[PDB]
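These notes concern the structure reproduced below.
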Amino acid sequence: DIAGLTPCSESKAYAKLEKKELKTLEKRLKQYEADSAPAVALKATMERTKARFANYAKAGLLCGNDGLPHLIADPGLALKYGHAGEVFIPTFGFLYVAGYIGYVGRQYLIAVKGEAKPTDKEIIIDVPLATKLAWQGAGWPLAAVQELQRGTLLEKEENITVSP
Amino acid sequence: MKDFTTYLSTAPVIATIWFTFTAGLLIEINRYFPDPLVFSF
Amino acid sequence: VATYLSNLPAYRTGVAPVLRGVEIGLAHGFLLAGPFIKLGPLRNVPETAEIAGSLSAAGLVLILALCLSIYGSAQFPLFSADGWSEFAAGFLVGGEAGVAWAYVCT
Amino acid sequence: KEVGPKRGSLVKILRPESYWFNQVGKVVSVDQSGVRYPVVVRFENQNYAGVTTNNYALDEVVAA
Amino acid sequence: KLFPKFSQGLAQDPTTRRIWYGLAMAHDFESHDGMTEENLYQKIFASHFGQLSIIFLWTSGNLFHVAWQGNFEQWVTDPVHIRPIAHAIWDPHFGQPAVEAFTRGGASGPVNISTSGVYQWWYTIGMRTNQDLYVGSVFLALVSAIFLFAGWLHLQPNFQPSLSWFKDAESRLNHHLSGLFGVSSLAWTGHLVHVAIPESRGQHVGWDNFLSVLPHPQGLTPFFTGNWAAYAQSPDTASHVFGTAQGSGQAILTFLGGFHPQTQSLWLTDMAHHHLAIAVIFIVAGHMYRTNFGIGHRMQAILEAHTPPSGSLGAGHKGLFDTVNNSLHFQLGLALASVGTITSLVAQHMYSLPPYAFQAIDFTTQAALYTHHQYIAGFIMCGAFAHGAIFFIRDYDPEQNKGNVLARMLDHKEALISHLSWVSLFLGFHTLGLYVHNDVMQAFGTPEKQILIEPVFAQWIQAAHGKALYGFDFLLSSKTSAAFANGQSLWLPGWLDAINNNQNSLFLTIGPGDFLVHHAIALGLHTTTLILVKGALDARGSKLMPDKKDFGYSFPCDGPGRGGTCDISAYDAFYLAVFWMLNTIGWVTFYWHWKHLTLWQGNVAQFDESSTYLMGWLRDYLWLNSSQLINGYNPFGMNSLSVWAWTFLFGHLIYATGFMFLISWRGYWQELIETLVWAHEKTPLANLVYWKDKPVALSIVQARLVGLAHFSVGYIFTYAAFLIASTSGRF
Amino acid sequence: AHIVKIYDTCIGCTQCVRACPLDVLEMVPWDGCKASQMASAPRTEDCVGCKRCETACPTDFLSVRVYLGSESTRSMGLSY
Amino acid sequence: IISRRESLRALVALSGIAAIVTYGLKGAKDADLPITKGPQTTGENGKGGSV
Amino acid sequence: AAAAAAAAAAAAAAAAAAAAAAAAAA
Amino acid sequence: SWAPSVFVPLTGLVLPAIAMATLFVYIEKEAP
Amino acid sequence: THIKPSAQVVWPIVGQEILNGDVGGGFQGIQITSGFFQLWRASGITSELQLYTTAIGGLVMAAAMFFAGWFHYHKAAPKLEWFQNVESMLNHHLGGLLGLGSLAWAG
Ligand code: CLA
Ligand code: CLA
Ligand code: CLA
Ligand code: CLA
Ligand SMILES: CC1=C(/C=C/C(C)=C/C=C/C(C)=C/C=C/C=C(C)/C=C/C=C(C)/C=C/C2=C(C)CCCC2(C)C)C(C)(C)CCC1
Ligand code: SF4
């Protein structure tokens with residue numbers, strides 16, 4: 001109960017919709033023998049389903065008027081009420097991987113311009129070079145903020161313009 | 001076969017190997033971790 | 001056909017433009033009344049089927065007669081400011097006669 | 001004397017309407033005559049017409 | 001040879017684009033032959049009389065057809081169940097089932113139900129009888145003839161204004177703020193207090209007895225003494241009946257907030273104190289600028305002197321005044337920016353705060369009046385950037401604008417466009433990606449795996465305005481706060497009763513379907529500005545074409561060279577945005593209509609379940625609500641929706657005709673016409689006929705405009721057919 | 001009558017003249033280049049503005065330059 | 001009657017006068033124009049469903 | 001036709017002033 | 001009362017046809 | 001008459017196993033519409049052994065076709081006047097491909 005909401009372990013339309021889905025799976029399950037793999041598959045679907053509802057209520061996800069897990073994307077309402085795993089943890093779990101791919105792709109382009117013809121090595125990726133920058137870019141925020149302090153991250157007004 | 005490894009190191013071939021890597025990694029994780037809507041512990 | 005094109009009044013140069021528009025007027029006179037008199041909005045009224053369709057078709061001749069005179073003031077022995085005005089005059093008088101000639105032919 | 005830079009030096013283009021404005025290329029030759037635009041510069045960056053060279057004047061052209 | 005009297009370069013054109021460009025640059029006064037700047041301002045000034053004389057003839061037309069063919073005197077007595085009438089129908093193409101299916105509203109012949117809602121506006125400003133509407137029509141028809149004659153006389157050489165009369169930005173802005181805005185609103189409170197307040201209390205104040213009826217029982221005595229609260233003593237009660245004296249009340253300037261209980265409209269009394277208050281402020285703000293009397297502010301010393309130190313904004317606003325006063329496209333671009341935002345502000349504040357009686361009960365009126373002033377706002381806002389892009393070509397002077405804030409815009413112009421291109425790309429990735437994620441979770445039968453982010457940052461605002469549905473207990477939902485306790489007699493209890501009513505459109509309750517669509521609106525706002533600000537900034541040149549200013553605003557291309565330059569001009573950069581504009585206003589009006597359909601039907605959960613994923617937009621709003629629209633005519637019969645059924649297919653037809661001018665381009669068509677010229681010049685007996693203007697295909701820039709017009713007309717007529725007939729079909 | 005105006009950035013490689021499908025362009029002596037020649041447009045009455053000239057100029061920010069003016073019966077490319 | 005341009009311009013315009021000023025009253029056929037009829041049975045109901 | 005002929009007899013004097021406006025301006 | 005059966009064929013058949021004509025003959029005037 | 005034809009089965013990972021419908025016949029899978037089962041009853045297949053042996057016969061034939069394009073380009077590629085015998089190509093394609101093909105299929 002943060003913004004008119006309720007815990008999904010406490011709401012009833014959530015549990016009503018769980019019983020709605022398991023009803024649809026079981027009336028689909030009835031057409032098969034109890035040994036048959038079209039019934040082994042559906043009972044494995046249920047145990048993935050029933051554990052999914054158990055795990056969403058375990059994490060304390062917020063339901064509402066429709067009985068669905070609602071997310072809270074604000075720190076200070078997720079840090080305070082124990083919901084940083086909804087948005088506030090994957091907003092840095094993403095931005096680690098995002099700037100990682102950016103930094104590896106940056107370092108591959110920076111370390112290819114001092115060559116004979118760098119356009120050839122954007123077709124033919126230097127795999128012993130590219131994987132070497134791939135592994136060693138794992139501390140990229142530790143390397144970027146040191147490059148941020150110099151002035152070597154931002155190229156100056158050598159950049160190309162039209163008519164300022 | 002050095003010329004054959006250049007072909008394996010072109011742009012679309014590394015793209016179709018790395019995308020089978022990255023999808024195939026996320027497929028195996030989403031098998032052994034069924035339905036991660038929220039970061040649990 | 002080089003024989004037949006020298007017959008019909010668009011190419012008869014040796015005729016006055018009044019009689020030229022008169023024959024063109026009646027020829028399109030009792031002919032364009034056909035669709036209105038048969039399959040207009042009054043097919044299924046067996047007294048107005050020849051009246052209003054012919055009266056509408058005479059209205060269409062009136063539009064085309066204005067549509068001719070508009071062309072003569074736009075464009076400029078027929079291709080003249082006067083020969084065309086005699087041509088559109090004969091089409092109006094020849095066209096209204098032919099639409100009445102269509103209603104006579106009942 | 002020999003006006004313009006040397007035969008193969010790096011250079012920076014200052015013509016604001018050129019495609020290689022603020023951009024670095026190599027001088028290939030400087031014509032020693034009364035031509036308005038003697039300095040011939042070759043680039044790696046090809047333009048929108050695929051032409052990698054152009055003539056420039058003495059004053060639109062700065063070293064390094 | 002004679003028709004483009006303004007452009008002799010078009011008069012020497014032997015082809016048929018002479019007709020098309022005689023029409024389309026006839027109001028491009030800056031490019032006519034022999035045009036001077038004194039001749040420029042006089043034709044603009046007379047044309048504004050031409051726009052005003054049309055508007056008042058238009059409005060007098062609305063007053064006439066309502067007074068003659070409408071049922072306003074019948075609608076006054078029962079304003080809920082009786083449907084309004086726009087104008088009666090005489091279409092002789094009709095059939096007898098199409099006469100009796102359009103007779104409705106208790107009328108005699110066929111009629112149109114007015115969805116413009118000018119009855120609710122007229123009923124609350126005091127109109128009660130048809131004889132009061134004919135007088136208003138004859139009045140505006142006189143006033144429209146005044147502005148016709150004024151635009152004629154202010155072109156006559158005795159009465160032509162001087163060139164310095166137009167550039168007096170001091171005296172205009174001093175007169176239009178104080179007189180045109182202040183005195184007008186002061187006079188409109190004069191219409192409210194004298195006439196429109198006591199007409200709701202069941203007291204006829206006509207032109208015969210307005211010099212006999214006191215508006216207030218102790219009138220003009222509190223104004224001259226000072227106790228102005230005497231004007232708010234006995235207001236319209238909570239059991240008032242609009243149009244009668246049953247629980248009437250006697251106050252003239254009350255300050256309540258919230259809504260009238262019957263009409264669910266704004267109170268008439270605080271609308272009187274509203275237009276009185278801003279009348280005082282506009283008159284006071286209308287004594288600011290130095291015209292002729294030694295006091296006031298000079299515009300030439302407020303812009304230039306606001307330069308921040310340490311080079312924050314270049315040379316400040318130094319030198320803008322001669323580039324605003326001399327340039328018209330800068331003045332037009334500001335005006336279309338201002339009016340285009342306070343056209344949305346009209347639309348955003350009339351569904352939530354309906355100002356006219358028995359509005360927000362007539363639902364088709366509410367649907368039309370919101371959607372109208374959103375597309376009207378959409379077209380005006382993209383023209384602000386259009387005439388902002390014409391400014392940088394026709395009027396911009398870099399020597400005059402050394403280092404000001406306007407040139408720093410062109411200086412860091414790639415930082416503007418690339419940061420817009422990041423925001424537009426981030427929103428489009430992560431709004432579509434969430435809907436597709438939700439759609440797949442609906443497709444795999446598991447709605448619990450959806451991404452449903454609760455709109456915290458807006459629910460925090462609604463709770464701060466007094467919506468205790470969410471329980472933030474922050475400011476006005478907080479009963480022990482300060483702002484709650486500074487206004488319990490001032491303006492709050494009407495306002496707080498009006499939000500927490502669940503059945504009006506005042507601060508609707510929102511869920512994660514409203515999270516996703518406001519970001520989609522934010523996508524559509526940031527992308528439409530991306531196209532337009534790029535069209536403004538790169539109007540003078542790019543690296544692809546560094547002399548775009550030499551061709552002009554509206555040119556086709558610069559050839560196939562340099563890789564190909566289709567759609568390079570700033571006109572062609574403006575026109576792409578109209579697609580992304582109609583998309584964006586299409587997104588705000590889909591969301592407005594469907595949240596209001598589910599509100600007015602009652603199934604308010606049918607939106608919030610289905611708005612979280614894009615199939616529910618399709619199979620619950622477009623599929624479900626077009627059931628009675630497309631059944632307007634069938635082989636069983638037809639009903640009153642057949643004129644909106646026909647237009648709904650008529651709108652799809654103009655729309656798809658627009659793709660013909662957009663996908664097929666000119667040069668397929670010019671070769672096709674060359675065969676038609678051959679087959680005309682060789683056909684016997686049709687060689688009697690020959691053209692004057694040579695048939696050529698429509699030019700490249702024209703094909704943009706003709707195709708965008710067919711795109712946009714068919715866009716508008718489609719949705720307006722769906723909007724009117726889905727609302728009024730079930731209502 | 002289209003407006004074709006060329007500039008001093010011409011080098012006189014005469015590729016614009018060979019590319020012009022309407023003989024708008026011709027080569028005039030001029031000392032500001034090694035090839036001692038600069039183009040000229042004495043026949044802009046015949047120009048359609050198809051811009052095959054400035055697809056062919058090698059110089060950056062094209063030396064030949066075509067401005068689409070008012071279209072007569074020769075500028076619209078008409079056999080009729 | 002008419003042989004020049006401006007005589008034909010008058011006769012077409014006056015024939016357009018003579019049809020239309022009659023078409024409003026005498027020329028509205030009983031079977032052609034159902035608007036020029038009497039008020040038939042019903043139709044004046046609400047817009048349906050709800051309000 | 002009371003207010004029709006009175007507006008027409010008003011339009012007569014209005015047109016007569018229009019003959020004053022159609023000459024005194026040029 | 002007889003108005004909507006008269007003004008509509010004027011504005012829709014007759015007065016546009018005058019504007020179809022006069023605003024066409026004006027187009028192809030040869031300028032003196 | 002009752003069992004719907006189905007020949008595509010998906011993997012149960014993200015909930016996409018719901019695309020394995022109840023097509024009948026003790027089976028779950030995507031109900032296909034390409035009509036191979038009607039070819040195969042017309043071919044009289046009657047067993048999934050026959051479908052497997054002609055699938056291995058398809059892989060063998062595909063590698064033979066990849067060999068043939070490799071052979072007739074890289075190792076032994078025809079001259080120009082081989083291709084310009086359009087009389088010999090039509091006599092062979094009308095007789096051998098279309099003629100003997102429909103003789104063989106009738107058999
Ligand atoms: C006090 C004297 C005075 C007054 C009353 C006016 C009045 C006017 N001038 Mg003006 N003028 C004046 C002095 C004055 N002028 C002087 C001294 C100069 C010379 C320096 C000029 C120079 C000048 C020029 C050059 C032009 C005008 C124009 C206009 C017209 C404005 C267009 C319009 O109607 O939009 C008025 C707009 C509104 C009323 C809407 C805005 C109001 C609010 C903020 C919007 C939201 C509320 C809305 C009203 C609610 C609507 C509800 C309901 C009505 C639907 C208007 C008649 C223009 C015109 O049309 O020419 C005649 C024009 O081109 N004037
Ligand atoms: C205050 C309003 C205002 C004013 C005065 C102007 C004034 C001007 N604009 Mg501008 N403009 C405006 C608003 C305004 N604009 C808005 C809101 C937009 C965005 C939609 C634009 C977009 C715009 C562009 C892109 C251009 C101009 C141009 C011009 C100039 C030439 C006028 C012209 O081409 O008219 C002639 C107009 C027409 C012939 C109308 C064309 C057809 C339109 C689309 C109407 C079609 C409606 C359709 C027929 C509906 C019927 C459907 C049927 C089924 C019922 C002139 C200075 C041009 C310019 O300056 O060139 C450099 C130019 O290129 N304007
Ligand atoms: C439904 C049609 C549609 C769509 C999707 C777009 C999308 C876009 N337009 Mg628009 N546009 C359209 C119609 C459309 N437009 C029309 C009709 C016009 C008029 C001509 C324009 C005119 C226009 C202009 C003028 C501009 C745009 C811009 C943009 C971009 C906005 C940034 C954004 O949201 O990025 C988000 C984009 C997406 C979510 C689409 C990507 C889809 C997925 C994520 C890609 C990966 C999926 C998959 C792996 C790929 C499969 C391929 C293969 C492997 C099989 C985006 C690419 C602007 C731009 O470039 O901004 C950056 C811009 O300036 N457009
Ligand atoms: C009677 C002999 C015969 C037969 C059966 C064929 C059959 C074929 N020829 Mg062909 N051809 C022949 C003689 C023959 N040709 C001669 C004499 C010439 C020279 C004039 C050519 C020149 C020729 C060209 C230039 C092309 C063909 C192509 C084709 C194929 C058509 C593709 C198709 O419809 O799929 C039908 C597919 C099948 C029936 C599958 C069975 C395939 C069999 C096993 C291979 C064909 C039999 C082979 C010719 C016999 C030699 C065996 C080999 C081991 C030596 C088809 C395989 C086209 C093709 O696809 O290129 C590869 C093509 O481009 N032929
Ligand atoms: C291109 C260009 C142009 C154009 C531009 C434009 C078009 C613009 C627009 C603009 C816009 C469109 C803007 C907007 C703005 C807005 C704003 C800025 C807002 C603000 C807000 C506020 C401030 C609020 C406040 C508040 C709140 C918070 C709520 C409550 C109340 C209050 C008041 C408190 C021109 C022409 C100049 C020319 C040059 C260039
Ligand atoms: S414009 Fe067209 S025609 Fe004139 S030169 Fe350039 S290319 Fe040749």
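In the structure tokens, each chain is lettered A, B, ... as it comes, each chain's residues begin at 1, and ligands are numbered from 1 in order of appearance.
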
Taking only C-alpha atoms into account, find every residue of chain J that has an atom no more than 7 Å from chain E, and write it out as a PDB file with C-alpha atoms, in the first residue's frame.
ATOM      1  CA  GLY J  15       5.577 -19.388 -21.769  1.00  0.00           C
ATOM      2  CA  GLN J  16       5.685 -19.892 -25.514  1.00  0.00           C
ATOM      3  CA  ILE J  18       1.029 -22.226 -25.098  1.00  0.00           C
TER       4      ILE J  18
END

If you count only C-alpha atoms and all ligand atoms, which residues end up within 9 Å of ligand 1, as a count of residues only? 39

Close residues to ligand 3 using only C-alpha atoms and all ligand atoms, limit 6 Å, as number ranges by chain: E: 421, 424-425, 428-429, 432, 527, 530-531, 576-577, 579

Write out, as a PDB file, in the first residue's frame, the residues just selected, with N, CA, C and O atoms.
ATOM      1  N   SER E 421      17.322  13.930 -30.462  1.00  0.00           N
ATOM      2  CA  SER E 421      17.348  12.613 -31.074  1.00  0.00           C
ATOM      3  C   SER E 421      17.700  11.521 -30.089  1.00  0.00           C
ATOM      4  O   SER E 421      17.489  10.351 -30.397  1.00  0.00           O
ATOM      5  N   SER E 424      14.040  11.297 -28.058  1.00  0.00           N
ATOM      6  CA  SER E 424      13.064  10.644 -28.918  1.00  0.00           C
ATOM      7  C   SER E 424      13.402   9.174 -29.130  1.00  0.00           C
ATOM      8  O   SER E 424      12.503   8.340 -29.251  1.00  0.00           O
ATOM      9  N   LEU E 425      14.685   8.828 -29.151  1.00  0.00           N
ATOM     10  CA  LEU E 425      15.043   7.441 -29.405  1.00  0.00           C
ATOM     11  C   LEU E 425      14.929   6.620 -28.134  1.00  0.00           C
ATOM     12  O   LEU E 425      14.589   5.434 -28.181  1.00  0.00           O
ATOM     13  N   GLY E 428      11.078   6.062 -27.608  1.00  0.00           N
ATOM     14  CA  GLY E 428      10.493   5.123 -28.546  1.00  0.00           C
ATOM     15  C   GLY E 428      10.947   3.698 -28.310  1.00  0.00           C
ATOM     16  O   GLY E 428      10.189   2.755 -28.535  1.00  0.00           O
ATOM     17  N   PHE E 429      12.190   3.525 -27.868  1.00  0.00           N
ATOM     18  CA  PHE E 429      12.660   2.207 -27.466  1.00  0.00           C
ATOM     19  C   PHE E 429      11.892   1.695 -26.264  1.00  0.00           C
ATOM     20  O   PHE E 429      11.375   0.576 -26.272  1.00  0.00           O
ATOM     21  N   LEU E 432       7.519   1.608 -26.670  1.00  0.00           N
ATOM     22  CA  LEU E 432       7.133   0.486 -27.514  1.00  0.00           C
ATOM     23  C   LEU E 432       7.596  -0.835 -26.932  1.00  0.00           C
ATOM     24  O   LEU E 432       6.840  -1.810 -26.933  1.00  0.00           O
ATOM     25  N   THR E 527       9.603  13.964 -30.602  1.00  0.00           N
ATOM     26  CA  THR E 527       9.998  13.636 -31.964  1.00  0.00           C
ATOM     27  C   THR E 527       9.486  14.676 -32.945  1.00  0.00           C
ATOM     28  O   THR E 527      10.175  15.001 -33.910  1.00  0.00           O
ATOM     29  N   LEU E 530      11.807  17.352 -32.733  1.00  0.00           N
ATOM     30  CA  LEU E 530      13.074  16.968 -33.352  1.00  0.00           C
ATOM     31  C   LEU E 530      13.070  17.271 -34.835  1.00  0.00           C
ATOM     32  O   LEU E 530      14.033  17.820 -35.367  1.00  0.00           O
ATOM     33  N   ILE E 531      11.965  16.963 -35.503  1.00  0.00           N
ATOM     34  CA  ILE E 531      11.848  17.206 -36.931  1.00  0.00           C
ATOM     35  C   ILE E 531      11.778  18.697 -37.211  1.00  0.00           C
ATOM     36  O   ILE E 531      12.352  19.193 -38.185  1.00  0.00           O
ATOM     37  N   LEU E 576       7.379  16.603 -42.852  1.00  0.00           N
ATOM     38  CA  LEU E 576       7.533  15.269 -42.305  1.00  0.00           C
ATOM     39  C   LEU E 576       6.988  15.256 -40.896  1.00  0.00           C
ATOM     40  O   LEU E 576       6.533  14.239 -40.395  1.00  0.00           O
ATOM     41  N   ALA E 577       7.044  16.415 -40.266  1.00  0.00           N
ATOM     42  CA  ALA E 577       6.588  16.590 -38.903  1.00  0.00           C
ATOM     43  C   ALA E 577       5.077  16.575 -38.794  1.00  0.00           C
ATOM     44  O   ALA E 577       4.559  16.212 -37.739  1.00  0.00           O
ATOM     45  N   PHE E 579       3.140  14.547 -40.302  1.00  0.00           N
ATOM     46  CA  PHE E 579       2.832  13.145 -40.067  1.00  0.00           C
ATOM     47  C   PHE E 579       3.042  12.787 -38.599  1.00  0.00           C
ATOM     48  O   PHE E 579       2.157  12.219 -37.952  1.00  0.00           O
TER      49      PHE E 579
END

Show me which residues line ligand 5, defined as having an atom within 9 Å of a ligand atom where only C-alpha atoms and all ligand atoms count, and present them as a PyMOL selection string. chain E and resi 329-338+340-341+381-392+406+409+529+532-537

Report as a PyMOL selection string all protein, DNA and RNA residues lying within 10 Å of stretch 15-26 of chain C, evaluated on only C-alpha atoms, omitting residues in the same chain fewer than 5 positions from it. (chain C and resi 8-10+31+61+65+77-79+82-102) or (chain G and resi 3)

File of the preceding selection, C-alpha atoms, as a CSV table (one decimal), in the first residue's frame:
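Heads up, here's the output in out-v8.csv:
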chain,number,residue,atom,x,y,z
C,8,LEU,CA,-19.8,14.1,-90.0
C,9,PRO,CA,-20.1,17.8,-89.1
C,10,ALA,CA,-16.9,18.3,-87.0
C,31,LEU,CA,-29.2,10.3,-77.2
C,61,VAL,CA,-27.5,20.1,-72.6
C,65,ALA,CA,-23.9,24.7,-74.0
C,77,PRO,CA,-13.9,29.0,-90.0
C,78,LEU,CA,-15.3,27.9,-86.7
C,79,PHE,CA,-12.3,28.5,-84.5
C,82,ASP,CA,-17.7,34.6,-83.5
C,83,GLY,CA,-17.8,31.2,-85.3
C,84,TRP,CA,-17.7,29.4,-81.9
C,85,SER,CA,-20.4,31.6,-80.5
C,86,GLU,CA,-22.6,30.6,-83.4
C,87,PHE,CA,-21.5,27.0,-82.8
C,88,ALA,CA,-22.5,27.0,-79.1
C,89,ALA,CA,-25.7,28.7,-80.0
C,90,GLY,CA,-26.6,26.0,-82.5
C,91,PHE,CA,-25.8,23.4,-80.0
C,92,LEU,CA,-28.1,24.9,-77.4
C,93,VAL,CA,-31.0,25.3,-79.9
C,94,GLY,CA,-30.2,22.1,-81.6
C,95,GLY,CA,-29.8,20.3,-78.3
C,96,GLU,CA,-33.0,21.4,-76.7
C,97,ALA,CA,-34.9,20.4,-79.9
C,98,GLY,CA,-33.4,16.9,-79.8
C,99,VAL,CA,-34.3,16.4,-76.2
C,100,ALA,CA,-37.9,17.4,-77.0
C,101,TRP,CA,-37.4,15.1,-80.0
C,102,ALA,CA,-36.5,12.3,-77.5
G,3,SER,CA,-26.3,34.1,-81.6

Hey, what's within 7 Å of residue E:73 if we count only C-alpha atoms and toss same-chain stuff fewer than 4 positions away? As a CSV table (one decimal) with C-alpha atoms, in the first residue's frame, please?
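Result file follows (selection_35.csv):
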chain,number,residue,atom,x,y,z
E,128,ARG,CA,-32.9,31.8,-23.6
E,129,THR,CA,-35.1,32.6,-26.6
E,130,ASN,CA,-34.6,32.4,-30.4

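The space separating atom CA of residue F:44 from atom CA of residue F:24 comes to 5.8 Å.
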
Give me the residues within 9 Å of stretch 27-41 of chain B as an MDAnalysis selection string, counting only C-alpha atoms and dropping any in the same chain fewer than 2 places off. (chainID A and resid 48 51:52 55:56 58:59 61 84:87 89:90) or (chainID B and resid 22:25) or (chainID E and resid 448:451) or (chainID J and resid 12:15)

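With only C-alpha atoms taken into account, chain E has residues 543, 546, 562 and 563 of chain E at most 6 Å from chain D.
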
Give me, as a ChimeraX atom specification, the set of residues whose atoms come within 6 Å of any atom of ligand 6, counting only C-alpha atoms and all ligand atoms. /F:20-22,24-25,47-53,66

Please identify which residues in chain J DSSP calls strand (DSSP E or B) from the backbone, and express them as a PyMOL selection string. chain J and resi 6-8+21+29-31

Grab the residues selected above and save them as a short mmCIF file (atom, residue, chain, number, x, y, z; two decimals), in the first residue's frame with N, CA, C and O atoms.
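Produced file selection.cif, reproduced below:
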data_model
loop_
_atom_site.label_atom_id
_atom_site.label_comp_id
_atom_site.auth_asym_id
_atom_site.auth_seq_id
_atom_site.Cartn_x
_atom_site.Cartn_y
_atom_site.Cartn_z
N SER J 6 -0.64 -31.08 -37.46
CA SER J 6 0.33 -30.29 -36.71
C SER J 6 1.71 -30.91 -36.86
O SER J 6 1.86 -32.12 -36.67
N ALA J 7 2.69 -30.09 -37.19
CA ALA J 7 4.04 -30.58 -37.41
C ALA J 7 5.12 -29.66 -36.87
O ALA J 7 6.30 -29.94 -37.09
N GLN J 8 4.76 -28.58 -36.20
CA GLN J 8 5.73 -27.72 -35.53
C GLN J 8 5.44 -27.73 -34.04
O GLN J 8 4.31 -27.47 -33.63
N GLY J 21 -0.91 -26.13 -29.25
CA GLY J 21 -2.33 -26.29 -29.02
C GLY J 21 -2.74 -27.73 -28.88
O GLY J 21 -1.94 -28.65 -29.04
N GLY J 29 1.13 -29.14 -30.45
CA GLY J 29 2.02 -28.50 -31.40
C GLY J 29 1.26 -27.45 -32.18
O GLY J 29 0.04 -27.30 -32.05
N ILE J 30 2.01 -26.72 -33.00
CA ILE J 30 1.41 -25.70 -33.85
C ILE J 30 0.65 -26.39 -34.97
O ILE J 30 1.21 -27.21 -35.70
N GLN J 31 -0.63 -26.07 -35.09
CA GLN J 31 -1.45 -26.59 -36.17
C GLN J 31 -0.98 -26.01 -37.49
O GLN J 31 -1.14 -24.82 -37.74
#

Mind listing the residues within 9 Å of ligand 4, only C-alpha atoms and all ligand atoms counted, as an MDAnalysis selection string? chainID J and resid 61 64:65 68:69 81:98 100:101

Suppose we keep C-alpha atoms; can you now write the selection as a PDB file, in the first residue's frame?
ATOM      1  CA  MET J  61      20.374 -34.832 -52.297  1.00  0.00           C
ATOM      2  CA  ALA J  64      24.788 -33.605 -54.032  1.00  0.00           C
ATOM      3  CA  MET J  65      23.343 -30.323 -55.309  1.00  0.00           C
ATOM      4  CA  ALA J  68      27.150 -30.069 -58.376  1.00  0.00           C
ATOM      5  CA  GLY J  69      27.297 -26.302 -58.212  1.00  0.00           C
ATOM      6  CA  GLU J  81      28.017 -22.789 -76.469  1.00  0.00           C
ATOM      7  CA  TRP J  82      26.858 -25.524 -74.113  1.00  0.00           C
ATOM      8  CA  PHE J  83      24.253 -23.120 -72.716  1.00  0.00           C
ATOM      9  CA  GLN J  84      23.282 -21.858 -76.173  1.00  0.00           C
ATOM     10  CA  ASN J  85      21.845 -25.236 -77.222  1.00  0.00           C
ATOM     11  CA  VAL J  86      18.273 -24.259 -76.477  1.00  0.00           C
ATOM     12  CA  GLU J  87      17.012 -26.926 -78.858  1.00  0.00           C
ATOM     13  CA  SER J  88      18.802 -29.560 -76.799  1.00  0.00           C
ATOM     14  CA  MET J  89      17.638 -28.017 -73.541  1.00  0.00           C
ATOM     15  CA  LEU J  90      13.959 -28.078 -74.461  1.00  0.00           C
ATOM     16  CA  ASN J  91      14.171 -31.592 -75.891  1.00  0.00           C
ATOM     17  CA  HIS J  92      15.689 -32.706 -72.606  1.00  0.00           C
ATOM     18  CA  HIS J  93      13.471 -30.678 -70.292  1.00  0.00           C
ATOM     19  CA  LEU J  94      10.168 -31.480 -72.022  1.00  0.00           C
ATOM     20  CA  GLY J  95      11.088 -35.128 -72.419  1.00  0.00           C
ATOM     21  CA  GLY J  96      13.252 -35.918 -69.439  1.00  0.00           C
ATOM     22  CA  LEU J  97      12.164 -33.532 -66.713  1.00  0.00           C
ATOM     23  CA  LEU J  98       8.485 -33.047 -67.437  1.00  0.00           C
ATOM     24  CA  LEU J 100       9.794 -38.843 -67.628  1.00  0.00           C
ATOM     25  CA  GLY J 101       9.004 -37.107 -64.352  1.00  0.00           C
TER      26      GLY J 101
END
